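*Asks:* Need coordinates for the below:
(one chain, ligands or ions: 1)
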Amino acid sequence: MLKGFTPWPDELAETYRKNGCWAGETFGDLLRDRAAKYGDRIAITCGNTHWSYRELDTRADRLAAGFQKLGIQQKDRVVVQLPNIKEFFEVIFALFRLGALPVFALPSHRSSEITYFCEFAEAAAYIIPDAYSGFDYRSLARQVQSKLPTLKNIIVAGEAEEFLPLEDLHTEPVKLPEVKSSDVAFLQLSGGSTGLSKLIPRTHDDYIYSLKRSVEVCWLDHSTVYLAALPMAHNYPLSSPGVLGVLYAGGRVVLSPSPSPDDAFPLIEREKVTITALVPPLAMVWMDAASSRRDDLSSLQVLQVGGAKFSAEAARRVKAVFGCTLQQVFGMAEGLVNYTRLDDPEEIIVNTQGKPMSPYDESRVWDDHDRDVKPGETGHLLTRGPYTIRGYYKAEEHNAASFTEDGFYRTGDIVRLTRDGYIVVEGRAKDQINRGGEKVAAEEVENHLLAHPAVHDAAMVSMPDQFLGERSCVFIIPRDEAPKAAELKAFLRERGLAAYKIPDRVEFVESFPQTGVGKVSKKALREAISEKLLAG
Ligand SMILES: Nc1ncnc2c1ncn2[C@@H]1O[C@H](COP(=O)(O)OC(=O)c2cccc(O)c2O)[C@@H](O)[C@H]1O
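*Replies:* Residues are numbered from 1 along each chain as shown. The structure is reproduced below:
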């Protein structure tokens with residue numbers, strides 16, 4: 001057992017292995033199997049290059065041997081920070097076959113976060129591309145080493161300079177140590193706020209199960225052509241169903257250079273993508289673009305939007321702008337993933353954030369005092385299941401606060417449950433605005449503002465007030481010429497919005513600060529409004 005990992009209770013583990021949730025197969029097996037069945041099928045597409053399943057299988061074996069020869073051992077952690085390129089895949093499955101643990105960093109991470117990941121995880125290696133999106137990662141590597149002289153295996157996919165060329169590692173395959181389906185397979189990152197994310201241990205069994213359910217719930221098959229538009233190392237574009245779900249089903253993954261329509265649209269028409277995944281802010285950009293671009297996105301069958309709540313006023317437009325089915329996805333790297341079903345009524349797809357994907361996912365909505373709220377009532381969401389961790393990596397204190405004594409994980413979201421078990425998310429507990437003794441659901445107000453013809457997007461956050469404790473500020477991205485602030489308040493007033501929900505202040509910006517995967521960082525917005533106030 002990996003040191004720092006919190007296992008599922010023995011009796012539950014058995015239940016899961018008995019009902020078949022935990023298949024007992026490793027990622028190594030998964031690839032070996034798929035490679036044997038349809039080796040010639042194209043698994044990955046990137047620009048003009050392609051990789052068959054057999055190809056990936058072979059490179060993974062040959063790379064694992066190189067990694068081992070390098071001195072990387074079973075249980076070793078390896079911080080992987082690659083863009084959406086083919087290497088990512090040979091890198092993780094090779095690590096998977098050596099029993100080494102990838103730690104999934106994002107392209108946007110810098111020395112402060114990377115140095116942390118390498119120290120905390122006591123990383124044996126750091127894997128980066130030479131340069132991506134205008135950033136030279138070797139300079140980041142140099143910054144990291146100067147902070148951690150002990151990190152001596154810096155692997156670069158591309159021009160390595162003084163470091164180690166990933167391409168020079170492949171060698172003759174070898175006998176590798178046994179990897180158990182119950183072993184931790186990798187460490188993911190949590191996505192809250194306050195920098196330093198917690199590390200999340202996921203085992204082969206519990207993760208592959210999450211992939212199998214996502215495949216079934218999302219109808220993926222040999223005909224699936226999934227476009228990876230978001231940084232694919234994030235839990236959402238990696239497994240819900242993600243690039244890994246697509247490989248599980250024998251489909252084909254297309255790698256986009258960036259999330260932007262300029263890059264993605266041609267790819268959708270050229271490669272005939274049948275499904276892609278976006279986060280709300282990007283969904284807005286795609287919808288605007290889809291109305292000004294002449295690309296043929298007709299092959300699109302399913303457009304996923306998640307990571308954050310995709311407001312009703314926007315969601316309802318998917319069918320007409322893209323002519324495909326919208327699928328809201330509400331998941332967390334900690335475990336639980338919810339989806340609106342592909343054959344659900346338009347209203348359920350447009351007004352909810354789905355229902356647990358597993359029959360064994362347990363959900364509870366509690367009130368501030370850990371008491372189950374009354375049916376249909378709004379409250380704190382706790383969850384427990386086959387693919388939901390029981391604790392963060394080496395984090396006793398935080399675990400004491402994040403998990404109930406019995407095993408439920410407090411997701412940090414405020415939600416209410418529907419009759420059929422669907423979840424209607426209000427927003428995160430931390431994003432609640434308590435204006436002078438009144439709670440305000442930010443997203444409720446943003447949805448209204450999205451109805452205004454001059455609003456591209458809106459993010460409402462709290463701001464300090466010495467008299468009311470908290471006031472509300474909404475950041476608006478103008479859909480061209482920015483309307484006046486009084487015009488927006490009046491708009492909301494005309495709609496009958498309760499007076500205390502109306503933004504006290506309006507800030508116009510060209511874009512919102514975002515997180516690694518692309519969601520709006522309300523924390524950054526709070527800092528920005530808080531700073532402006534201090535300026536006075
Ligand atoms: N659809 C939706 N609606 C409202 N809030 C949502 C949401 N999706 C995610 N969230 C917020 O994000 C955390 C989970 O954070 P991450 O680990 O960074 O993950 C994801 O955001 C995510 C999105 C879609 C699918 C999957 O698998 C993941 O992991 C939630 O607790 C919530 O606050």
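*Asks:* what's the burial count for residue 401?
*Replies:* The number of residues packed near residue 401 is 8, by other CB atoms under 10 Å. Yep, even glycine has a C-beta here, placed from its N, CA and C like the rest.
*Asks:* Checking it next. Helix, strand or coil?
*Replies:* What DSSP: H, G, I helix; E, B strand; the rest coil gives for residue 401 is helix.
*Asks:* Quick check: it vs the ligand, distance?
*Replies:* Counting by CB to the nearest ligand atom, to the nearest Å, the separation of residue 401 from the ligand is 15 Å.
*Asks:* Over to residue 64?
*Replies:* Distance from residue 64 to the ligand, counting by CB to the nearest ligand atom: 27 Å.
*Asks:* ok, now which ones touch that residue?
*Replies:* Shown in contact with residue 64 (CB atoms under 8 Å, 6 or more residues apart in numbering): 94, 95, 97, 98, 173, 174, 176.
*Asks:* which element is it on?
*Replies:* Per DSSP states H and E: residue 64 is located in helix 53-70.
*Asks:* if we can go back for a sec, filter the contacts of residue 64 down to the ones near the ligand?
*Replies:* Taking CB under 6 Å from any ligand atom as the test, the ligand is in contact with none of the contacts of residue 64.
*Asks:* Dump these to CSV, plus secondary structure.
*Replies:* Shown next, in CSV, are those (three-state DSSP):
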residue, secondary structure
94, helix
95, helix
97, helix
98, helix
173, coil
174, coil
176, coil
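*Asks:* Would you mind identifying the next helix or strand past the helix holding residue 64?
*Replies:* strand 77-80.
*Asks:* what residues does the chain put near the ligand?
*Replies:* 191, 235-236, 240, 306-309, 328-333, 337, 353, 411-413, 425, 428.
*Asks:* 5 Å - rerun?
*Replies:* Within the chain, the positions adjacent to the ligand are 191, 235-236, 240, 306-307, 309, 329-333, 337, 353, 411, 413, 425, 428 by CB under 5 Å from any ligand atom.
*Asks:* Phi, psi for residue 390 please.
*Replies:* Note on residue 390: backbone dihedrals following degrees, to the nearest 10 are phi -110, psi 10.
*Asks:* quick one: what helix or strand has the residue positioned nearest the centre of the chain in it?
*Replies:* The chain has residue 236 as the residue nearest its centroid, 3.5 Å off, counting by CA atoms, centre = their mean. For residue 236, the host element (DSSP H and E) is helix 235-239.
*Asks:* what's the closest non-adjacent residue to the residue sitting furthest away from the middle of the chain?
*Replies:* Distance from the C-alpha centroid of the chain peaks at residue 467, with 38.4 Å (CA atoms, centre = their mean). The shortest distance from residue 467 to any non-neighbouring residue, by CB to CB, 6 or more residues apart in numbering, is to residue 436 (7.9 Å).
*Asks:* related to what we said a few turns ago, from what I see, the residue nearest to the centre of the chain and residue 332 are in contact.
*Replies:* No. Applying CB atoms under 8 Å as the test, residue 236 and residue 332 come out as separate, 9.4 Å apart.
*Asks:* Run through the residues that contact whatever residue of the stretch 101-250 of the chain ends up closest to the ligand.
*Replies:* Per CB to the nearest ligand atom, residue 191 is where the stretch 101-250 of the chain lies closest to the ligand, at 2.6 Å. Each residue near residue 191 by CB under 8 Å, 6+ apart is listed here: 197, 332, 333, 515, 516, 517.
*Asks:* Residue 500 too?
*Replies:* Neighbouring residues of residue 500 by CB under 8 Å, 6+ apart: 435, 436, 438, 440.
*Asks:* With residue 102 instead?
*Replies:* Neighbour list for residue 102: 78, 79, 80, 91, 92, 95, 96, 186, 187 [criterion: CB under 8 Å, 6+ apart].
*Asks:* Pick out whichever of these sits closest to the ligand.
*Replies:* Taking CB to the nearest ligand atom as the measure, the ligand sits nearest to residue 187 out of those, at 12.9 Å.
*Asks:* one step back: what sits closest to the residue nearest to the centre of the chain if chain neighbours are left out?
*Replies:* Setting aside the residues directly before and after it, residue 236 is nearest to residue 307 in space (CB to CB, 6+ apart), at 5.5 Å.
*Asks:* And for residue 431?
*Replies:* Residue 431's closest residue in space is residue 522 (CB to CB, 6+ apart), at 5.2 Å.
*Asks:* Over to residue 212?
*Replies:* Residue nearest to residue 212 in three dimensions, not counting chain neighbours: residue 248, with 6.7 Å by CB to CB, 6+ apart.
*Asks:* now residue 62
*Replies:* Leaving aside its sequence neighbours, residue 62 sits nearest to residue 170 (CB to CB, 6+ apart; 4.1 Å).
*Asks:* backbone phi and psi for the one you found, please?
*Replies:* Torsion angles, degrees, to the nearest 10, at residue 170: phi -50, psi 140.
*Asks:* Over to residue 525?
*Replies:* Torsion angles, degrees, to the nearest 10, at residue 525: phi -70, psi -40.
*Asks:* can you pull out the strands in the stretch 251-400 of the chain?
*Replies:* For the stretch 251-400 of the chain, the strands defined by DSSP state E, counting those that start in this stretch occupy 252-255, 275-278, 302-306, 325-331, 337-339, 355-356, 362-366, 379-384.
*Asks:* Equivalent analysis for the stretch 1-150 of the chain, please.
*Replies:* Under the criterion DSSP E, counting those that start in this stretch, the stretch 1-150 of the chain contains strands at 42-46, 49-52, 77-80, 101-104, 125-129, 131-132, 135-136.
*Asks:* Using TSV, lay out these together with distance to residue 379.
*Replies:* Below are the strands of the stretch 1-150 of the chain laid out as TSV (distance: least, CB to CB, whole Å):
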stretch	distance to residue 379
strand 42-46	43
strand 49-52	47
strand 77-80	37
strand 101-104	31
strand 125-129	42
strand 131-132	42
strand 135-136	42
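*Asks:* now the contacts of residue 191: which count as buried?
*Replies:* Among the contacts of residue 191, those buried by neighbour count (16 or more other CB atoms under 10 Å) are 197, 332, 333, 515, 516, 517.
*Asks:* Among the residues you listed, list the two that are farthest apart in space.
*Replies:* 332 and 516 (14.6 Å; CB to CB).
*Asks:* Quick check, the residue nearest to residue 62 in contact with residue 67.
*Replies:* No. Counting by CB under 8 Å, residue 170 does not reach residue 67; the two are 9.8 Å apart.
*Asks:* ok, back up a step: which one of the contacts of residue 191 is nearest residue 141?
*Replies:* residue 516 (18.5 Å).
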